[PDB]
Amino acid sequence: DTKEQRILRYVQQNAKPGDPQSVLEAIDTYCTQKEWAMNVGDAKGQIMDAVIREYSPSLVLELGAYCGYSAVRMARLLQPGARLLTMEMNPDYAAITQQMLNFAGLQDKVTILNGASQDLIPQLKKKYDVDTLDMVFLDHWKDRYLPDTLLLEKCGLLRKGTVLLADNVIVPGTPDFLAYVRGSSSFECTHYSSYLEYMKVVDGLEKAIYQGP
Ligand SMILES: C[S@@+](CC[C@H](N)C(=O)[O-])C[C@H]1O[C@@H](n2cnc3c(N)ncnc32)[C@H](O)[C@@H]1O
Ligand SMILES: Cc1ccc(C(=O)c2cc(O)c(O)c([N+](=O)[O-])c2)cc1
Ligand SMILES: [Cl-]
Ligand SMILES: [Cl-]
Ligand SMILES: [Cl-]
Ligand SMILES: [Mg+2]
């Protein structure tokens, strides 16, 4: 019995089937009251919500799904026909995420790619019929944010205006990625100060908009 299985069971026992808001609030309640877990959480998630609503992306890539909290959070705000692709290398967690999306009734909007971002990113265009991404949510191991950004650019997946939105740029921190995009004329960056999920430790999201080659 894993913490992720516990989160899922608590959602099935407490949330309303087909109600993404209810599912979010259930996961937040469990992780606030019973066991901390690395979901983006409600404070940063409200910022995510506002960004999603501003850009109305048709195609979103998420890096790191975990239990599907952020996937539910973003998918519930997508326009009809818009898509989220989420990459998750832990098969146990990917299983839990799929069940979480099913419960929320979001399964038709979200596609889970099992495996490591660095292996899956080069297969996106061919295997998933992707041209360029409108938005990317980076929230996997922090040492991959920079390498996967370079890899996205190499594979032609970024267009002028693609929005990168990065979690945890303060804590645990992503120093190479943050130095890189803030220093590069290829990105326009904005910092949104907030708090680490379920705590009062300061963290923040960085928005880095690709400006083209
Ligand atoms: C912080 S959790 C994702 C949380 C999720 N975005 C949310 O807010 O609910 C990080 C996840 O990244 C996954 N992960 C780490 N490195 C990865 C990689 N290179 N490719 C795919 N998934 C990876 C881990 O297995 C874990 O599920
Ligand atoms: C041992 C330990 C230390 C710090 C954290 C932690 O704070 C954390 C928070 C996140 O939002 C997050 O995305 C990740 N991550 O992907 O590794 C870790 C989680 C576990
Ligand atoms: Cl590598
Ligand atoms: Cl929170
Ligand atoms: Cl705290
Ligand atoms: Mg995170």
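Residues numbered from 1 in each chain as written, not as in the entry; some residues may be left out. Chains lettered and ligands numbered in written order. Heavy atoms only, no water.

The record names X-ray crystallography as the way this model was obtained, at a resolution of 1.85 Å.

> With reference to specific residues and values, describe the packing of helix 1 (residues 3-14) against helix 5 (residues 91-104).
Where helix 1 meets helix 5, the axes come as close as 10 Å, and the angle between the chain directions of the two elements is 10°. What the angle tells us is that helix 1 and helix 5 run roughly parallel. Of helix 5, the residues touching helix 1 (which contributes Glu4, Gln5, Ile7, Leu8, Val11 and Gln12) are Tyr93, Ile96, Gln99, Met100 and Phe103. Taken together, the residues of the contact of helix 1 with helix 5 sort by class into 7 nonpolar, 3 polar and 1 charged. (Axes fitted to C-alpha atoms, helices over the stretch in contact; angles between N-to-C directions. Helix = DSSP H or I, 4+ residues; strand = E, 2+ residues; numbered from the N terminus. Parallel < 35°, antiparallel > 145°, perpendicular 65-115°, else oblique. Contact = heavy atoms within 4.5 Å. Nonpolar A, V, L, I, M, F, W, Y, C, P; charged D, E, K, R; others polar.)

> Explain the side chain of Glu88 residue by residue, including any values.
As for its placement among the helices and strands, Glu88 is situated in strand 2 (residues 83-88). There is no salt bridge for the buried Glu88, and the closest opposite charge comes from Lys142, which lies 10 Å off by N-O distance. In terms of polar contacts, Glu88 uses its side chain to reach the backbone amide nitrogen of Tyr66, at 2.8 Å. Aside from chain neighbours lying at most four places away, what touches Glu88 is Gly64, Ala65, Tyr66, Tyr93, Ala94, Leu113, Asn114 and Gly115. (Buried < 20%, exposed > 50% of the residue type's maximum accessible area, 1.4 Å probe, protein only. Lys, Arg positive; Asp, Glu negative; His and termini not counted. Salt bridge = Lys/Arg side-chain N within 4 Å of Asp/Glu carboxyl O. Polar contact = N/O pair within 3.5 Å; in protein donor to acceptor, adjacent residues only side chain to side chain.)

> Outline the site of ligand 2, listing residues and values.
As a structural note, the neighbourhood of ligand 2 is formed by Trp36, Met38, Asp139, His140, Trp141, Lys142, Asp167, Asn168, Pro172, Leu196 and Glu197. Contacts to ligand 2 include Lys142, whose side-chain N or O atom sits 2.8 Å from an oxygen atom. Here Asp167 contributes a side-chain N or O atom positioned 3.3 Å from an oxygen atom of ligand 2. Relative to its unbound accessible surface of 450 Å², ligand 2 loses 63% to contact with the protein. A class-by-class count of the residues in the shell around ligand 2 yields 5 nonpolar, 2 polar and 4 charged. (Near = heavy atom within 4 Å. Areas by Shrake-Rupley, 256 points an atom, 1.4 Å probe, with all protein chains shown as cover.)

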